[PDB]
Asker: 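This is the structure, below, for whatever I ask next.
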Amino acid sequence: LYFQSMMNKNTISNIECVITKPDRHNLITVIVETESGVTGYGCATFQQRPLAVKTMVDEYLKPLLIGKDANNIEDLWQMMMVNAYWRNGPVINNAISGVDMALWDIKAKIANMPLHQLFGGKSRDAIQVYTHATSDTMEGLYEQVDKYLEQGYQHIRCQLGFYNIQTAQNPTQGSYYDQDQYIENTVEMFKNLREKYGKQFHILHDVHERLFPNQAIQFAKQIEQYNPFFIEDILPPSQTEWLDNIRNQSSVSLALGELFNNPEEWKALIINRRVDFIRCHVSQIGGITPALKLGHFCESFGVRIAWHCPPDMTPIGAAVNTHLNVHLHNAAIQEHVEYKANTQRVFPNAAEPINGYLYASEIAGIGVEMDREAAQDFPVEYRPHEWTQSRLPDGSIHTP
Amino acid sequence: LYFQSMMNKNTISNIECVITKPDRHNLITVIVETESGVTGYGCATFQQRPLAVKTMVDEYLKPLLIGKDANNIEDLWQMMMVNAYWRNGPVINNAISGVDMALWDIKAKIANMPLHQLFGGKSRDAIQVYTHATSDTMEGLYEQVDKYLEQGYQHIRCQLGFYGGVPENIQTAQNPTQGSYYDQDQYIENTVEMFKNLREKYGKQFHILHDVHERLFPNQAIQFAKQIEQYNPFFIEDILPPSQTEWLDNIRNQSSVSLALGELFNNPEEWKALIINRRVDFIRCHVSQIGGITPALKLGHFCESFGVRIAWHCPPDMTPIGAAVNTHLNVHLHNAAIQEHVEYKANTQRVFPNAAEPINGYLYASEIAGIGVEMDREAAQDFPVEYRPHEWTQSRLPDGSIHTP
Amino acid sequence: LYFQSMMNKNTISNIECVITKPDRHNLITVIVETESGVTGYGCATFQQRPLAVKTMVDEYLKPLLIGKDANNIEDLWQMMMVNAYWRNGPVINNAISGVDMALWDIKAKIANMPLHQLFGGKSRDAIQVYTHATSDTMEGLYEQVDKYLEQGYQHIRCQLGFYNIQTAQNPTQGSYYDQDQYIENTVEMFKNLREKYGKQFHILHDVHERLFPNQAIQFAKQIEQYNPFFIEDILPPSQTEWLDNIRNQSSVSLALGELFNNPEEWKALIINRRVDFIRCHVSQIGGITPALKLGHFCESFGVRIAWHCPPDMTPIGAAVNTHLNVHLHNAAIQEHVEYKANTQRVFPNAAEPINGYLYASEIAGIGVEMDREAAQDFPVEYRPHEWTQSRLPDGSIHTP
Amino acid sequence: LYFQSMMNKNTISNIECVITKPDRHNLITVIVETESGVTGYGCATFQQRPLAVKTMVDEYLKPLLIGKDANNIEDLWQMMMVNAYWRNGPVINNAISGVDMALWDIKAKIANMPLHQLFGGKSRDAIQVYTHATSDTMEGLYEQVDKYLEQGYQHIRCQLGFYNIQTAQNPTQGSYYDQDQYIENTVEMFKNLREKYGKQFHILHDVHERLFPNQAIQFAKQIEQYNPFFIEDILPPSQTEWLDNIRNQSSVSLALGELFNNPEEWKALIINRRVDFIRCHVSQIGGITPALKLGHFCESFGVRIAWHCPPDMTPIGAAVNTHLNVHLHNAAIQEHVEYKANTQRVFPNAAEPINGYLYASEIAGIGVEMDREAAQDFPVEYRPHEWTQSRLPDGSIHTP
Amino acid sequence: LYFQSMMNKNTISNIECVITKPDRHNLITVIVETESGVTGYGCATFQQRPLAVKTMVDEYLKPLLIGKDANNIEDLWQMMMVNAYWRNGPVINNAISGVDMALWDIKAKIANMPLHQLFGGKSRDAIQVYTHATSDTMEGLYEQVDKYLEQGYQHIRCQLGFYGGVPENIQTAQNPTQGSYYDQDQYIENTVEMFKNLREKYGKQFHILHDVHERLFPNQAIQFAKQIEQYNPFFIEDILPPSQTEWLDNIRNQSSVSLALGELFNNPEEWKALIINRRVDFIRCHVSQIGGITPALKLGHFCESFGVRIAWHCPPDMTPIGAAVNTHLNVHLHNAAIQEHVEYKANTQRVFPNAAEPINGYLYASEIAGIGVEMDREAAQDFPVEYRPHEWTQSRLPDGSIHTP
Ligand SMILES: [Cl-]
Ligand SMILES: [Cl-]
Ligand SMILES: [Cl-]
Ligand SMILES: [Cl-]
Ligand SMILES: [Cl-]
Ligand SMILES: [Cl-]
Ligand SMILES: [Cl-]
Ligand SMILES: [Cl-]
Ligand SMILES: [Cl-]
Ligand SMILES: [Cl-]
Ligand SMILES: [Mg+2]
Ligand SMILES: [Mg+2]
Ligand SMILES: [Mg+2]
Ligand SMILES: [Mg+2]
Ligand SMILES: [Mg+2]
């Protein structure tokens with residue numbers, strides 16, 4: 001029996017990690033080569049610290065993995081996760097995710113199946129999509145909304161304004177906003193959208209952890225009459241116990257989790273039914289392997305899935321999410337931001353929504369790869385992401 | 001080298017406690033001297049019982065502390081707290097607070113740093129400030145609000161007030177027991193109308209705070225929370241007495257109202273369940289009532305883990321030394337939210353020079369070595385202690401029964 | 001109706017506070033005089049800080065109370081408790097206790113009844129008594145035990161040793177002990193007592209908050225086979241949530257509460273059935289008025305009462321406790337330490353146990369007063385109580 | 001010491017129980033005579049089953065008590081409560097209550113004090129009073145309200161209507177009502193009262209266990225805007241766990257407990273803060289002795305007291321409640337229904353409210369007794385109380 | 001005066017990160033220089049992935065921090081922690097820890113005080129120490145124990161060991177996957193026998209510690225707790241992996257065994273429920289894994305409220321700078337219990353001069369200004385980073401499956 005297994009083993013021959021910045025964001029791809037000549041591609045994108053992820057892959061995951069059998073995705077995932085002893089966290093998990101996704105790509109290519117078919121097939125025809133409408137005026141928002149409705153979108157995440165104020169003398173360098181102004185403007189945004197559009201479309205909004213708990217609860221009560229499809233990240237991950245007070249008195253639909261990279265962040269959240277949609281970034285939790293398990297975990301508790309799909313993610317990562325989304329029965333919706341020309345050249349054949357739906361790739365594997373030569377035209381470039389130094393008017397840091 | 005710890009010791013050589021009443025309140029300062037000639041100042045102000053605090057310092061803390069190394073504030077705090085066996089409470093804690101703050105003052109002076117820099121430095125540029133607008137009339141209230149708005153305050157605690165004194169328009173029994181009478185229903189009605197009027201006139205121009213000051217029974221507190229919820233107060237303070245805070249769960253389950261509580265606290269059992277269960281949004285402890293800077297730091301950290309923010313009690317019955325200490329705590333602790341402030345009068349400013357006043361709605365921490373505010377001993381002597389009965393604490397409902405004041 | 005009430009009002013004419021040290025401890029008595037000529041006596045003994053209690057009575061309670069009607073004990077208690085705004089704590093509560101007990105003394109004298117009869121009468125004939133056997137050798141302990149058994153005591157609190165060790169260099173000044181040695185010696189004490197005496201008498205022991213929580217639980221499991229009547233203060237008051245782990249796995253009987261002076265310290269303790277005997281010092285909780293309420297509170301929860309009755313308490317305080325003990329149905333046992341001659345002269349007619357029982361006074365009032373002239377022969381003397389600077393071998397403070 | 005006690009013992013020489021019906025209700029008084037010649041009076045009124053209470057007193061409590069020392073109220077209460085082994089319940093508790101109150105009467109008479117002074121004195125000057133306004137029209141209600149406001153009452157319990165309907169064929173004999181009609185009419189009553197009177201007075205209403213739990217919660221939400229002083233008996237005692245759902249979503253003030261005669265009915269209720277006012281009928285819980293303990297228990301939990309004071313109770317019972325009400329710090333309000341001439345003759349000197357307040361008696365003892373000769377003019381008369389056969393339209397019994 | 005805050009600023013002028021391997025482990029030091037010429041040193045040691053930490057410091061923390069005021073440690077910590085949006089975790093936290101410790105070093109040097117004195121001084125004279133006795137034989141174990149007892153240690157962590165490597169006497173499948181094999185039942189049996197033998201030989205002469213090191217499944221952990229309970233270990237460490245600590249309730253409900261856990265923690269969600277529910281007696285966090293001194297102070301205070309004591313992880317894979325920092329934390333925080341220690345070798349002592357060693361079972365805090373231990377840059381260059389695979393982390397059970405290592 002060991003001959004047969006070995007007759008079919010698939011030895012890893014190389015591991016590489018490429019950072020590319022075709023457009024606005026540093027994107028990170030892991031490429032796994034095997035003795036069988038089948039090559040896999042994975043997303044490892046942690047856009048704020050890409051060199052750290054590349055160091056992790058090149059200096060540590062590569063010598064660990066060369067020579068091991070790519071077939072055994074589950075063992076290699078369990079092994080990689082604990083390999084540095086200390087574990088979890090964004091740098092390690094993204095590096096592992098790149099490998100994990102590439103291993104799944106390889107297995108699906110070898111099975112001659114689209115990735116979602118390897119999982120067990122479709123439980124939906126396609127996944128609904130929401131887009132981002134952001135403007136500093138209501139009329140700018142209306143213009144973007146009108147355009148999206150025309151394209152067939154039924155769900156749109158709307159944000160008014162961008163985030164004067166009474167600071168102290170000589171305020172510390174940072175990115176300032178005012179929580180009360182943000183709340184006022186957002187409630188007014190919803191009120192205006194409902195007045196103009198009624199129930200034409202589902203309105204989403206991302207609070208992006210900008211509030212204190214007392215403000216979050218007030219906001220939930222102020223916004224609930226407008227029936228948002230979901231309110232995202234109404235609290236930071238360290239304060240989700242405060243969601244119980246919201247759940248006890250508001251019917252507002254809640255989404256949370258794009259920041260998660262440790263299972264302790266989500267277990268009590270889900271067990272206690274504190275959110276309606278889990279928003280994890282697949283590469284932050286360690287790839288396809290844990291995403292499947294988390295999807296199953298959520299299903300048991302009646303929690304639905306809306307994986308984080310920001311511009312700072314490869315089209316490979318986006319394709320993987322669509323595979324997960326057409327497969328997992330509790331997947332709800334896929335976030336999408338239009339790809340630009342440079343990105344499309346580096347990652348050919350990336351799907352775009354058609355009439356409000358994203359369709360899974362139907363060729364073998366993930367269905368999207370990286371053009372290595374094209375990636376070279378757009379190397380990594382340092383960006384400070386100053387918005388993460390978010391400060392309140394008194395000069396103190398708030399979670400960004 | 002073996003001798004280095006002892007070489008840098010700073011030996012406590014004297015402890016003094018001075019009561020001074022420059023204006024309306026008996027203030028209590030503790031002064032600690034070292035053999036090296038460094039002097040620290042601390043606040044021990046429990047205004048209602050100042051001679052008791054002074055007895056505590058002079059007769060008990062003084063013989064305990066003289067000769068010991070001031071450097072080891074943490075040991076001296078742990079030791080002081082359990083020194084009488086029985087512990088906690090307003091008299092012991094205030095005496096200990098005066099010493100603790102003075103020891104921190106000494107350490108900061110020896111470090112040649114402002115107090116907040118010893119802690120680990122600033123986590124904000126300055127602390128926002130709220131003031132008190134109180135009047136027996138709405139027009140009088142508008143007048144005070146307009147004044148503070150002119151000075152750049154964005155937060156004002158408003159009381160459409162007078163609750164106490166003779167029972168003028170109150171249906172008491174015949175021959176009511178002497179006391180300070182009020183009617184809970186009138187207070188609630190007036191307060192709801194106050195918020196409604198304030199929002200109609202000012203809209204969202206400023207944040208409105210209000211102190212219930214433990215005047216209500218639990219069923220009234222829950223009703224009140226629902227009645228003012230729509231007016232979005234920055235916080236409603238002391239909606240219940242410390243002994244009834246489990247009733248806050250009922251409010252948390254059905255109202256979004258922001259709650260502050262805790263100026264009365266002097267025992268950790270009063271705040272632990274409160275914070276663990278997220279029953280308030282702001283903790284309001286009086287730093288000297290909980291035993292000083294040492295436990296205030298720990299409590300601030302404890303609150304931060306649970307997402308509770310800090311608004312230390314800063315009434316006129318506290319020394320400007322106490323106020324400066326709070327501003328140091330407030331620019332340092334990341335979860336500090338706002339500092340209460342009442343303007344200092346001339347006599348008080350003379351006894352305690354260089355007391356900071358708000359600028360455009362902010363209080364700035366002192367930047368010289370130490371706490372930054374001391375007591376002028378000669379000036380304090382011009383204003384000796386003067387007994388005050390504080391008759392408002394004999395608070396009675398119309399039927400003549402005591403209610404928590 | 002107001003004439004009649006006033007025809008019977010009893011105006012307070014004077015309040016005094018006397019500290020006296022006839023023997024080992026500074027004792028504090030409050031004396032309340034009334035226009036009716038009836039004088040009451042109360043205990044306010046907080047032995048470690050007596051001048052603070054006297055300042056509280058003389059400078060604050062006296063001007064508050066002169067002129068008020070002594071009949072209305074309940075109103076005056078409610079009023080006194082909140083009079084300084086901030087409240088609870090040992091200095092205020094002892095001062096109030098002295099007044100409260102004196103007011104009850106006056107009411108019982110006016111009713112021409114023993115205090116316990118004013119309460120509603122006896123629910124037992126007399127209260128059982130336990131005594132203190134403390135020695136540094138087992139044979140010294142045996143000698144004291146033998147003497148107590150001969151006198152008819154059925155309950156004896158036994159302590160072996162007094163509380164070498166590996167400290168750091170130049171250990172800080174303090175009162176050192178070793179927790180492991182204390183545990184070892186105490187377990188051996190119980191083992192030896194059971195071997196020599198079997199079930200002849202009930203063995204009590206006071207841990208006196210000397211242990212950390214993990215040590216407390218180990219000790220409970222080590223000691224339970226010896227069936228102590230109770231183990232007292234196995235944890236300090238700030239750590240009583242740890243009693244749940246003991247309650248979940250040990251049958252050991254627990255007593256706690258002599259340190260309490262804030263109701264928040266006892267409410268969760270009792271509601272959660274974390275102790276079997278409440279040990280409050282009546283003057284620390286504010287006198288007879290709150291002691292009655294707490295006794296009733298405990299009864300509802302099946303908790304029994306063993307009020308703290310140390311040498312540092314007046315014989316007036318002891319008589320009050322015996323009145324409470326023969327009245328409250330859930331009273332269990334009274335701690336007693338023999339009075340010495342000077343103390344007996346200052347407080348005449350103090351009851352002593354007879355055949356293991358203390359009997360309540362049967363004359364009008366509390367039944368024990370202070371001889372003012374005798375008290376003058378023994379004025380206050382400063383004592384540092386150095387044992388409260390209790391340190392572990394590494395030089396750190398532990399609750400004493 | 002035993003001589004002195006015995007020198008002051010007060011031996012019970014006789015126990016009698018008289019049922020009298022001066023006006024609308026069978027009232028029950030227990031009379032206790034002592035060797036000292038001091039006679040006590042107590043209320044034992046369970047109006048629906050008076051002969052059962054009289055049998056209990058005459059045939060069982062009398063031979064148990066003759067010869068025992070009346071001074072020891074607490075022991076005699078503890079002893080009586082368990083004397084039949086099985087215990088609790090309305091017949092036993094009322095019989096015991098009559099004795100208990102009479103024993104307290106005797107002790108206060110011997111102390112030469114009003115009962116509330118024996119307790120520890122006043123914590124209020126007098127107790128506020130609420131009255132009953134009941135009519136089948138709104139204008140009839142207005143007339144009664146106007147009259148009460150003129151007399152100085154500030155609290156009035158208002159009920160509209162009395163409690164056509166679609167029953168089955170040949171509906172079973174009983175007292176029919178319709179829950180939906182009752183709810184509709186009561187909400188409309190409150191709406192009209194607030195429209196006419198605004199905040200002139202506090203409005204109380206008694207649901208009297210007429211609703212199912214889902215109806216109770218709906219009613220609480222419908223009524224809360226009208227700020228009732230309290231809504232009484234919104235659920236029957238066996239369903240008070242359903243109060244948690246009301247407490248989680250409504251601010252309505254709740255009162256409950258007139259039906260209670262077993263401590264298990266109130267412990268979880270109070271511990272869990274499910275009501276704001278406890279409404280126990282003192283004789284149903286066993287007299288003054290347990291009423292004091294329950295008052296103390298409630299105080300710890302922040303629950304206030306409004307003892308049941310219906311017409312079916314002696315003026316002796318009413319006087320006792322006023323003594324309890326001026327003494328217990330957490331007493332809130334006293335229910336009162338005007339006495340008629342026959343009742344006043346049988347029980348002379350019964351207090352009536354003055355300007356919305358009831359004042360405690362100031363003579364020695366309870367202050368109200370029974371005229372034995374006058375009581376004889378009004379012997380017991382059978383009444384079926386048919387209203388207790390309360391049926392819903394389908395013919396099923398509901399708690400009455 | 002308005003300018004005083006800015007006048008006393010200490011501007012960060014450079015940030016460096018050095019990996020050195022003087023002996024068995026890759027150690028990571030962060031060095032922060034100020035424009036004033038003050039230099040601080042900090043520990044960023046995550047031994048398994050050192051190049052990743054260095055990339056994090058050099059490429060990201062360096063451009064973030066240069067130019068900012070080092071004085072405001074609290075702000076800089078709060079800002080650093082959220083700076084990459086995604087956060088927590090071993091790479092980011094270790095890089096931040098190196099900076100944080102160096103900023104505290106700078107502040108203490110500027111104060112001219114030992115680090116623990118900035119905190120508020122000592123609450124004990126010195127911290128008790130435990131050592132490691134590990135052997136593949138009981139006789140070898142006795143030899144090491146006897147040695148430590150001679151040196152005056154009263155606490156020793158004992159492992160009757162070797163669990164890993166080739167599957168010699170283990171019933172694996174045919175052709176087992178490459179890894180470090182162990183058998184849970186053999187480990188449990190050997191460990192119980194070890195305690196039994198130790199108690200028979202030594203009685204109560206010393207406190208016995210043991211590290212389960214997450215080798216067991218939950219049902220095995222509960223069984224093990226009951227099996228060794230009678231031997232009264234000072235603590236049993238890491239009886240479960242961090243992801244399974246809810247299973248500790250079962251143990252707490254039925255065993256008196258003392259538990260320690262947490263060296264793996266790098267996210268606050270891992271410890272909050274743990275401490276709130278009193279699931280351990282000692283917290284074992286690795287200070288650099290949680291982000292440095294700043295959060296270690298807060299966590300120590302948090303633990304104190306719940307009665308949990310502190311035993312920070314102090315393995316050989318940490319700089320002596322990290323060790324000195326822990327000793328400062330340990331003499332200051334009142335709930336610190338014990339410090340793990342492994343003797344420093346010659347090369348390590350050369351790269352990090354003046355590293356303290358225990359004296360009679362105690363470690364003493366440094367008494368010079370700052371942390372008290374720095375890195376000799378020239379010496380560190382003699383020992384550049386060297387890759388190590390750490391094969392023991394590929395821990396496998398007999399059937400070939402991975403278990404937490
Ligand atoms: Cl990481
Ligand atoms: Cl950028
Ligand atoms: Cl009036
Ligand atoms: Cl005054
Ligand atoms: Cl006090
Ligand atoms: Cl002494
Ligand atoms: Cl019955
Ligand atoms: Cl009838
Ligand atoms: Cl094998
Ligand atoms: Cl290795
Ligand atoms: Mg988002
Ligand atoms: Mg206030
Ligand atoms: Mg004791
Ligand atoms: Mg009723
Ligand atoms: Mg370990």
Side-chain angles (χ1 to χ4, degrees), chain A residues 1-2 5-6 46-49 51-56 59-60 63-64 68-69 72 75 78-79 81-95 169-170 172-174 237-238 258-259 261-265 267-268 281 284 382 384-385 387-390 395-400, chain E residues 2 5-6 46-49 51-56 58-60 63-64 68 72 75 78-79 81-95 174-175 177-179 242-243 263-264 266-270 272-273 286 289 387 389-390 392-396 400-405:
Chain A
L1 231 64
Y2 200 72
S5 186
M6 266 186 60
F46 176 10
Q47 72 150 335
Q48 291 81 1
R49 301 293 185 261
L51 293 172
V53 174
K54 176 166 175 49
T55 294
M56 184 67 65
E59 299 291 342
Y60 304 106
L64 170 64
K68 293 180 171 58
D69 184 358
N72 300 315
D75 183 73
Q78 300 289 345
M79 189 273 295
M81 284 290 282
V82 303
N83 192 251
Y85 184 58
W86 290 278
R87 52 200 186 253
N88 307 120
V91 182
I92 291 173
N93 284 16
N94 273 276
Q169 290 168 357
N170 283 349
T172 296
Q173 173 71 267
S238 64
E258 78 185 38
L259 276 162
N261 46 47
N262 188 310
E264 305 305 308
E265 290 172 313
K267 285 179 298 172
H281 195 105
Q284 286 283 332
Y382 179 77
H385 308 276
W387 63 269
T388 67
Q389 303 173 50
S390 46
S396 61
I397 287 289
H398 193 82
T399 49
Chain E
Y2 187 92
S5 182
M6 292 299 290
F46 175 11
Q47 73 156 336
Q48 288 83 1
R49 301 292 186 260
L51 294 174
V53 173
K54 178 168 170 50
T55 293
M56 187 64 71
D58 291 347
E59 302 292 346
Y60 301 106
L64 175 64
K68 295 181 166 57
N72 302 315
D75 186 67
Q78 298 292 342
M79 188 277 297
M81 281 293 288
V82 300
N83 193 253
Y85 184 58
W86 287 280
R87 51 201 187 252
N88 308 118
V91 182
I92 293 179
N93 285 12
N94 272 276
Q174 203 72 211
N175 311 295
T177 296
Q178 59 172 329
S243 62
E263 76 187 36
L264 278 166
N266 42 48
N267 186 308
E269 303 311 305
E270 288 171 315
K272 282 184 293 176
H286 197 101
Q289 283 284 331
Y387 176 82
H390 303 275
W392 64 268
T393 66
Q394 299 170 58
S395 177
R396 290 181 189 281
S401 59
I402 287 290
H403 194 80
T404 47

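Here is the naming used below: chain letters follow the sequence lines, and residue numbers restart at 1 for every chain. We use all heavy atoms of the structure for the numbers below, so side chains are in, but hydrogens, waters and symmetry mates are not.
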Asker: Do you know which two heavy atoms are closest between E/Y387 and A/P63, and how far apart they sit?
Answerer: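 Smallest interatomic distance, heavy atoms only, reads OH-CG, 3.7 Å.
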
Asker: Most heavy-atom pairs under 4.5 angstrom with chain A, which of E/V91, E/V53, E/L51?
Answerer: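 So the answer, after comparing E/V91, E/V53, E/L51, is E/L51.
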
Asker: Give the member of A/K54, A/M79, A/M81, A/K267 that has the highest number of heavy-atom pairs under 4.5 Å with chain E.
Answerer: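 Winner by heavy-atom pair count: A/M79.
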
Asker: Any side-chain donor paired with an acceptor under 3.5 Å for E/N267 and A/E264?
Answerer: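 There is no such pair (donor and acceptor under 3.5 Å, judged by atom type) between the side chains of E/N267 and A/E264.
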
Asker: Taking every non-hydrogen pair under 4.5 Å, which of A/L259, A/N93, A/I92, A/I397 racks up the most with chain E?
Answerer: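 Max contact count across the listed options: A/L259.
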
Asker: For chain A, which candidate among E/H403, E/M56, E/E263 shows the most heavy-atom pairs at distances under 4.5 Å?
Answerer: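 Top count of heavy-atom pairs under 4.5 Å with chain A: E/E263.
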
Asker: Mind ranking E/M6, E/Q174, E/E270 by heavy-atom pairs under 4.5 Å with chain A and telling me who comes out on top?
Answerer: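 Max contact count across the listed options: E/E270.
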
Asker: Are the side chains of A/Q78 and E/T404 in touch, meaning some heavy atoms are under 4.5 Å apart?
Answerer: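 No, their side chains stay 4.5 Å or more apart.
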
Asker: Heavy atoms only: give me the nearest A/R87-E/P405 pair and the separation to one decimal.
Answerer: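 That would be NH1-CD, 4.3 Å.
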
Asker: Between A/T388 and chain E, with a heavy-atom cut-off of 4.5 Å, which part of the residue counts as in contact: side chain, backbone, both or neither?
Answerer: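 Both backbone and side chain.
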
Asker: Do E/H286 and A/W86 have side-chain heavy atoms sitting under 4.5 Å apart?
Answerer: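 Yes, their side chains come closer than 4.5 Å.
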
Asker: Identify which of E/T177, E/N83, E/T55 forms the greatest number of heavy-atom pairs closer than 4.5 Å to chain A.
Answerer: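 Sorted descending by pairs with chain A, the first entry is E/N83.
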
Asker: So what's closer than 4.5 Å to chain E heavy atoms on A/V82: side chain, backbone, both or neither?
Answerer: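 For A/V82, heavy atoms of backbone and side chain both lie under 4.5 Å from chain E.
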
Asker: Partners of A/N72 by side chain to side chain contact (heavy atoms under 4.5 Å, CB included), sequence neighbours excluded?
Answerer: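 For A/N72 the side chain to side chain contact (heavy atoms under 4.5 Å, CB included) partners, ignoring immediate neighbours, are A/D69, A/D75.
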
Asker: For A/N261, is it the side chain, the backbone, both, or neither that has a heavy atom closer than 4.5 Å to a heavy atom of chain E?
Answerer: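 The answer is the side chain of A/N261.
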
Asker: For E/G89 versus A/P90, what's the shortest heavy-atom pair and its separation?
Answerer: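 So the two residues come closest at CA-CD, 4.4 Å.
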
Asker: Among A/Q284, A/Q47, A/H385, which residue has the highest count of heavy-atom pairs closer than 4.5 Å to chain E?
Answerer: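 Ranked by heavy-atom pairs under 4.5 Å with chain E, first place is A/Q284.
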
Asker: Any side-chain heavy atom of A/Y85 sitting closer than 4.5 Å to one from E/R49?
Answerer: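 No; the side chains remain at least 4.5 Å from each other.
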
Asker: Please list, chain by chain and in numerical order, all residues satisfying side chain to side chain contact (heavy atoms under 4.5 Å, CB included) with E/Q178, sequence neighbours excluded.
Answerer: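 For E/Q178, the residues satisfying side chain to side chain contact (heavy atoms under 4.5 Å, CB included) (neighbours in sequence not counted) are A/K68.
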
Asker: Does the side-chain contact (heavy atoms from CB on, under 4.5 Å) test come out yes or no for E/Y60 and A/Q48, once each step is laid out?
Answerer: CA-CA 9 Å; E/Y60 301 106; A/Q48 291 81 1; over 6 Å; no

Asker: For chain A, find which of E/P268, E/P389, E/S243 contributes the most heavy-atom pairs closer than 4.5 angstrom.
Answerer: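 Heavy-atom pairs under 4.5 Å are most numerous for E/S243.
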
Asker: Side chain, backbone, both or neither: which part of A/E59 has a heavy atom under 4.5 Å from chain E?
Answerer: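 It is both, since atoms from each part get that close.
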
Asker: Quick one: do E/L64 and A/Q389 satisfy side-chain contact (heavy atoms from CB on, under 4.5 Å)? Show the steps, please.
Answerer: CA-CA 10 Å; E/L64 175 64; A/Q389 303 173 50; 3.7 Å; yes

